[PDB]
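Take a look at the structure set out below.
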Amino acid sequence: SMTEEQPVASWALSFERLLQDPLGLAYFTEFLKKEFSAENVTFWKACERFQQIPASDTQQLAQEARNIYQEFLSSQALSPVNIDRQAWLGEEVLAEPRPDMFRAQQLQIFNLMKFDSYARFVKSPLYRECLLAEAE
């Protein structure tokens, strides 16, 4: 009935839950940083950060847009996220920043890590340490 939920176990039930829960995302990002492939989750975080901004404050949108752009979306990006660049917006997203722009690209990353880094995390430490210790 969705009235109650599992403890940290809920992560292994749904990636959404893992990705919506601060603890889940934290431990997940604790692994995903030391080897530096956090670009996906932090891009999703960036787009989430972008949609967090009220469409009313287009100025903040403009600021965040150029941030995410130069970091992940630039041709000289320090963290090049793998999305369809060929048909990507480009200068247009700087021209008109709106909190619905990177939506498809956001879900592109979401589904990218959904069956990969997620699938790995539930097998990796930190999860178990917060889930159980006696095993059975």
Quick one: what pairs do we get from segment 1-27, first residue more than 17 Å from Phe115 (Cβ to Cβ), second among the polar types (S, T, N, Q) and part of a helix (DSSP H, G or I), C-beta under 9 Å, 6+ apart or different chains?
-> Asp21/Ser10
The listed residue being over 27 Å from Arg128 (Cβ atoms), part of a loop (DSSP other than H, G, I, E, B) and either assigned by CATH to the domain that holds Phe110 or of a type in the set (D, E, K, R) (or both), out of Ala55, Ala46, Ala65 | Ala55
Please identify the pairs in which a residue from segment 76-95 that is in the same structural domain as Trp44 (by CATH) and surrounded by fewer than 14 Cβ atoms within 10 Å (Cβ to Cβ) has its Cβ atom under 9 Å from the Cβ atom of a residue that is among the β-branched types (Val, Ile, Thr) and part of a helix (DSSP H, G or I), counting only partners at least 6 apart or on another chain.
-> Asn82/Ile109
Restricting to segment 112-136, what's the tally of residues that are loosely packed, with under 12 Cβ neighbours inside 10 Å and of a type outside the set (A, V, I, L, M)?
-> 6
By residue number, the members of segment 96-120 that are polar (S, T, N, Q), farther than 12 Å from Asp84 by Cβ and touching a residue at least 24 places away in the same chain (Cβ under 8 Å) are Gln106, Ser117
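Numbers and lists here come from the model and the stated rules, or from a named source; nothing here is a laboratory result. Positions of Cβ are backbone-derived with ideal geometry, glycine not excepted, and every protein chain shown enters the neighbour counts.
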